[PDB]
>>> print(open('start-v3.pdb').read())   # PDB, C-alpha atoms (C1' of nucleotides)
ATOM      1  CA  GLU A   1     112.738  12.088 146.932
ATOM      2  CA  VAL A   2     115.059  11.630 149.932
ATOM      3  CA  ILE A   3     117.640   9.015 150.931
ATOM      4  CA  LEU A   4     117.054   7.879 154.502
ATOM      5  CA  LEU A   5     119.904   7.378 156.972
ATOM      6  CA  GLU A   6     118.121   5.717 159.914
ATOM      7  CA  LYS A   7     116.193   2.458 160.275
ATOM      8  CA  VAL A   8     114.066   3.211 163.364
ATOM      9  CA  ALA A   9     111.426   5.326 161.602
ATOM     10  CA  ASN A  10     107.801   4.213 161.663
ATOM     11  CA  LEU A  11     107.562   4.223 157.848
ATOM     12  CA  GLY A  12     111.253   4.422 156.951
ATOM     13  CA  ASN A  13     113.971   2.098 155.663
ATOM     14  CA  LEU A  14     117.775   1.976 155.606
ATOM     15  CA  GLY A  15     118.569   3.988 152.489
ATOM     16  CA  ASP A  16     115.482   3.626 150.314
ATOM     17  CA  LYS A  17     114.277   6.559 148.246
ATOM     18  CA  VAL A  18     110.860   7.483 149.628
ATOM     19  CA  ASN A  19     108.623  10.281 148.347
ATOM     20  CA  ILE A  20     107.263  12.185 151.338
ATOM     21  CA  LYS A  21     105.614  15.472 152.230
ATOM     22  CA  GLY A  22     107.531  18.687 151.741
ATOM     23  CA  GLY A  23     107.295  19.736 155.371
ATOM     24  CA  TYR A  24     108.646  16.417 156.601
ATOM     25  CA  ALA A  25     111.659  16.684 154.318
ATOM     26  CA  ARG A  26     112.032  20.405 154.924
ATOM     27  CA  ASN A  27     111.593  20.911 158.642
ATOM     28  CA  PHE A  28     112.585  17.664 160.387
ATOM     29  CA  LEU A  29     114.681  15.216 158.378
ATOM     30  CA  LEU A  30     117.158  17.508 156.631
ATOM     31  CA  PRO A  31     118.053  19.768 159.638
ATOM     32  CA  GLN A  32     118.634  16.676 161.822
ATOM     33  CA  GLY A  33     121.064  14.807 159.566
ATOM     34  CA  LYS A  34     118.799  11.832 158.898
ATOM     35  CA  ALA A  35     117.877  12.360 155.240
ATOM     36  CA  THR A  36     119.098  14.231 152.159
ATOM     37  CA  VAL A  37     117.203  15.240 149.003
ATOM     38  CA  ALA A  38     117.739  12.703 146.222
ATOM     39  CA  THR A  39     119.664  14.737 143.675
ATOM     40  CA  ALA A  40     121.176  13.494 140.416
ATOM     41  CA  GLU A  41     124.609  15.060 140.963
ATOM     42  CA  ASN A  42     126.430  12.794 143.430
ATOM     43  CA  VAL A  43     124.717   9.426 142.906
ATOM     44  CA  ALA A  44     128.014   7.766 141.889
ATOM     45  CA  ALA A  45     129.446   8.911 145.228
ATOM     46  CA  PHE A  46     126.784   6.987 147.179
ATOM     47  CA  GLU A  47     127.698   3.635 145.619
ATOM     48  CA  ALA A  48     131.378   4.041 146.604
ATOM     49  CA  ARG A  49     130.434   4.468 150.283
ATOM     50  CA  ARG A  50     127.775   1.762 150.828
ATOM     51  CA  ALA A  51     129.943  -0.036 153.420
ATOM     52  CA  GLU A  52     129.789   3.078 155.623
ATOM     53  CA  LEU A  53     126.105   2.426 156.370
ATOM     54  CA  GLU A  54     126.772  -0.802 158.288
ATOM     55  CA  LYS A  55     129.081   0.350 161.094
ATOM     56  CA  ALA A  56     127.250   3.184 162.852
ATOM     57  CA  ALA A  57     123.797   1.688 162.266
ATOM     58  CA  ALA A  58     124.943  -1.581 163.828
ATOM     59  CA  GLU A  59     126.711   0.246 166.668
ATOM     60  CA  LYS A  60     123.626   2.380 167.474
ATOM     61  CA  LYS A  61     121.442  -0.597 168.410
ATOM     62  CA  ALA A  62     124.538  -2.107 170.065
ATOM     63  CA  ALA A  63     125.003   0.908 172.349
ATOM     64  CA  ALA A  64     121.391   0.701 173.574
ATOM     65  CA  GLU A  65     122.186  -2.805 174.855
ATOM     66  CA  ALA A  66     123.812  -1.259 177.949
ATOM     67  CA  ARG A  67     122.089   2.157 177.763
ATOM     68  CA  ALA A  68     118.614   0.974 178.819
ATOM     69  CA  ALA A  69     120.046  -0.781 181.905
ATOM     70  CA  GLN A  70     120.435   2.524 183.796
ATOM     71  CA  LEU A  71     117.117   4.212 182.920
ATOM     72  CA  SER A  72     114.759   1.704 184.597
ATOM     73  CA  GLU A  73     116.621   1.755 187.930
ATOM     74  CA  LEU A  74     113.968   4.063 189.508
ATOM     75  CA  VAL A  75     116.527   5.633 191.863
ATOM     76  CA  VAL A  76     115.464   9.234 191.150
ATOM     77  CA  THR A  77     114.433  10.941 194.399
ATOM     78  CA  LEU A  78     111.834  13.629 193.676
TER      79      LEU A  78
ATOM     80  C1'   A B   1      64.942 123.405 131.625
ATOM     81  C1'   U B   2      62.972 117.466 137.640
ATOM     82  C1'   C B   3      54.553 120.794 139.767
ATOM     83  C1'   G B   4      49.211 119.453 141.225
ATOM     84  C1'   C B   5      44.799 116.880 139.600
ATOM     85  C1'   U B   6      41.847 113.830 136.417
ATOM     86  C1'   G B   7      42.505 110.255 132.848
ATOM     87  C1'   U B   8      45.552 107.237 129.615
ATOM     88  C1'   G B   9      49.105 103.670 129.318
ATOM     89  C1'   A B  10      53.849  96.871 130.157
ATOM     90  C1'   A B  11      47.525  97.821 133.704
ATOM     91  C1'   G B  12      50.099 102.712 140.595
ATOM     92  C1'   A B  13      53.121 109.059 135.539
ATOM     93  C1'   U B  14      57.618 115.076 137.119
ATOM     94  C1'   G B  15      58.022 113.742 131.725
ATOM     95  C1'   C B  16      51.749 111.080 127.792
ATOM     96  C1'   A B  17      46.555 114.018 126.998
ATOM     97  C1'   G B  18      43.380 117.699 128.918
ATOM     98  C1'   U B  19      43.443 121.272 132.587
ATOM     99  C1'   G B  20      44.693 124.060 136.940
ATOM    100  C1'   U B  21      48.444 126.394 139.628
ATOM    101  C1'   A B  22      53.536 128.403 139.466
ATOM    102  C1'   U B  23      58.771 135.201 139.403
ATOM    103  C1'   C B  24      64.539 133.417 140.088
ATOM    104  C1'   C B  25      67.994 131.032 144.088
ATOM    105  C1'   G B  26      69.145 129.378 148.997
ATOM    106  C1'   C B  27      69.130 127.949 154.361
ATOM    107  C1'   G B  28      66.728 125.270 158.524
ATOM    108  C1'   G B  29      63.640 121.289 159.270
ATOM    109  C1'   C B  30      60.083 116.783 158.033
ATOM    110  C1'   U B  31      60.112 112.252 155.309
ATOM    111  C1'   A B  32      54.545 111.392 151.780
ATOM    112  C1'   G B  33      56.547 109.932 146.531
ATOM    113  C1'   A B  34      60.912 109.457 143.103
ATOM    114  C1'   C B  35      57.374 101.322 142.771
ATOM    115  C1'   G B  36      63.999 105.881 146.973
ATOM    116  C1'   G B  37      69.771 103.510 148.142
ATOM    117  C1'   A B  38      72.109  99.041 149.775
ATOM    118  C1'   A B  39      72.387  92.631 148.208
ATOM    119  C1'   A B  40      72.172  89.549 139.521
ATOM    120  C1'   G B  41      65.242  87.656 145.957
ATOM    121  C1'   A B  42      66.571  84.097 150.723
ATOM    122  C1'   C B  43      59.981  82.715 149.976
ATOM    123  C1'   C B  44      57.821  80.260 145.134
ATOM    124  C1'   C B  45      58.923  78.121 140.430
ATOM    125  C1'   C B  46      62.502  76.148 137.044
ATOM    126  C1'   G B  47      67.620  73.666 135.874
ATOM    127  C1'   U B  48      67.630  65.829 132.824
ATOM    128  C1'   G B  49      72.345  72.288 138.415
ATOM    129  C1'   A B  50      75.315  71.259 142.995
ATOM    130  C1'   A B  51      76.349  70.099 148.000
ATOM    131  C1'   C B  52      75.689  67.463 152.333
ATOM    132  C1'   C B  53      72.530  64.081 155.494
ATOM    133  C1'   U B  54      69.048  59.442 155.584
ATOM    134  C1'   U B  55      67.571  54.505 154.405
ATOM    135  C1'   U B  56      64.367  48.449 153.750
ATOM    136  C1'   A B  57      66.478  53.158 146.551
ATOM    137  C1'   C B  58      70.406  51.114 142.792
ATOM    138  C1'   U B  59      75.270  49.737 142.318
ATOM    139  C1'   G B  60      79.396  48.896 144.889
ATOM    140  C1'   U B  61      83.435  48.933 148.704
ATOM    141  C1'   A B  62      86.466  49.224 153.866
ATOM    142  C1'   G B  63      86.113  46.240 157.965
ATOM    143  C1'   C B  64      84.211  41.612 160.161
ATOM    144  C1'   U B  65      83.245  36.418 158.862
ATOM    145  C1'   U B  66      82.945  30.940 155.997
ATOM    146  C1'   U B  67      85.595  27.385 153.199
ATOM    147  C1'   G B  68      89.206  25.730 149.500
ATOM    148  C1'   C B  69      94.627  25.841 148.094
ATOM    149  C1'   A B  70      99.578  27.398 150.020
ATOM    150  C1'   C B  71     102.988  28.183 154.353
ATOM    151  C1'   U B  72     101.744  22.627 156.740
ATOM    152  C1'   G B  73     104.465  17.944 159.422
ATOM    153  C1'   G B  74     104.113  12.154 161.761
ATOM    154  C1'   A B  75     101.432   8.860 164.667
ATOM    155  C1'   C B  76      97.171   6.274 166.067
ATOM    156  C1'   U B  77      91.948   5.532 166.242
ATOM    157  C1'   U B  78      86.617   6.028 164.550
ATOM    158  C1'   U B  79      84.838   6.166 159.625
ATOM    159  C1'   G B  80      83.131   6.250 153.384
TER     160        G B  80
END
>>> encode(input="start-v3.pdb", output="structure tokens")
Amino acid sequence: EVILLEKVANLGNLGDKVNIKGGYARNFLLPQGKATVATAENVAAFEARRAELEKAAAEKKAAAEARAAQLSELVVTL
RNA sequence: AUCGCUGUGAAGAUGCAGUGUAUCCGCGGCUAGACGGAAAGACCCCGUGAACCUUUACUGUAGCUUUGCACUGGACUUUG
């Protein structure tokens, strides 16, 4: 009932329509820009933007290549 | 035009019967009667009357409480 927009969910995919609970669509996914309710009004707009899904979702895992190298330094003085 | 007694009588009589007493009218007192006056008896009964209190009367309800379904999600584990 929703199109996903992130591939790091524990039971999610790239852009697959999944039918989920109403609270999970309502309260978490839609206010955080990671899913949108699968409506039958703009479906021909999704197929003319399928090459937009590759760039940011490849760059996200590519930015964590050098992001995790500064978290495990253990230089925080309590 | 309002006596006493004895009877009689819705059964305790100024008014009925019989019979005694008694000229007409105040004033001051006293309360024995007028089943005196005051209150459509309070007790008792009755009303398929009422009111309010009680409870283990009947029937319900406020409140308190149990679970289901919503609001209400993901993730693991035990499990049919």
>>> closest_atom_pairs(input="start-v3.pdb", of="chain B", to="chain A", cutoff="9 Å", atoms="all atoms listed in the file", output="JSON lines")
{"residue": "B:72", "atom": "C1'", "partner": "A:23", "partner_atom": "CA", "distance": 6.4}
{"residue": "B:73", "atom": "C1'", "partner": "A:23", "partner_atom": "CA", "distance": 5.3}
{"residue": "B:74", "atom": "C1'", "partner": "A:24", "partner_atom": "CA", "distance": 8.1}
{"residue": "B:75", "atom": "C1'", "partner": "A:10", "partner_atom": "CA", "distance": 8.4}
>>> write_last_selection(input="start-v3.pdb", atoms="C-alpha atoms (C1' of nucleotides)", output="PDB file, in the coordinates of the input")
ATOM      1  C1'   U B  72     101.744  22.627 156.740  1.00  0.00           C
ATOM      2  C1'   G B  73     104.465  17.944 159.422  1.00  0.00           C
ATOM      3  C1'   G B  74     104.113  12.154 161.761  1.00  0.00           C
ATOM      4  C1'   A B  75     101.432   8.860 164.667  1.00  0.00           C
TER       5        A B  75
END
>>> atom_distance(input="start-v3.pdb", atom1="atom CA of residue 3 of chain A", atom2="atom CA of residue 55 of chain A")
17.6 Å
>>> resolve_selection(input="start-v3.pdb", expression="the PyMOL selection byres ((chain B and resi 14) around 8)", output="VMD selection string")
chain B and resid 2 to 3 13 15
>>> resolve_selection(input="start-v3.pdb", expression="the PyMOL selection byres ((chain B and resi 19) around 12)", output="PDB file with C-alpha atoms (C1' of nucleotides), in the coordinates of the input")
ATOM      1  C1'   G B   4      49.211 119.453 141.225  1.00  0.00           C
ATOM      2  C1'   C B   5      44.799 116.880 139.600  1.00  0.00           C
ATOM      3  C1'   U B   6      41.847 113.830 136.417  1.00  0.00           C
ATOM      4  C1'   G B   7      42.505 110.255 132.848  1.00  0.00           C
ATOM      5  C1'   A B  17      46.555 114.018 126.998  1.00  0.00           C
ATOM      6  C1'   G B  18      43.380 117.699 128.918  1.00  0.00           C
ATOM      7  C1'   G B  20      44.693 124.060 136.940  1.00  0.00           C
ATOM      8  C1'   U B  21      48.444 126.394 139.628  1.00  0.00           C
TER       9        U B  21
END
>>> atom_distance(input="start-v3.pdb", atom1="atom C1' of residue 59 of chain B", atom2="atom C1' of residue 47 of chain B")
25.9 Å
>>> residues_around(input="start-v3.pdb", residues="residue 2 of chain A", least_positions_apart="6", cutoff="12 Å", atoms="all atoms listed in the file", output="PyMOL selection string")
chain A and resi 12-22+24-26+29-30+33-40
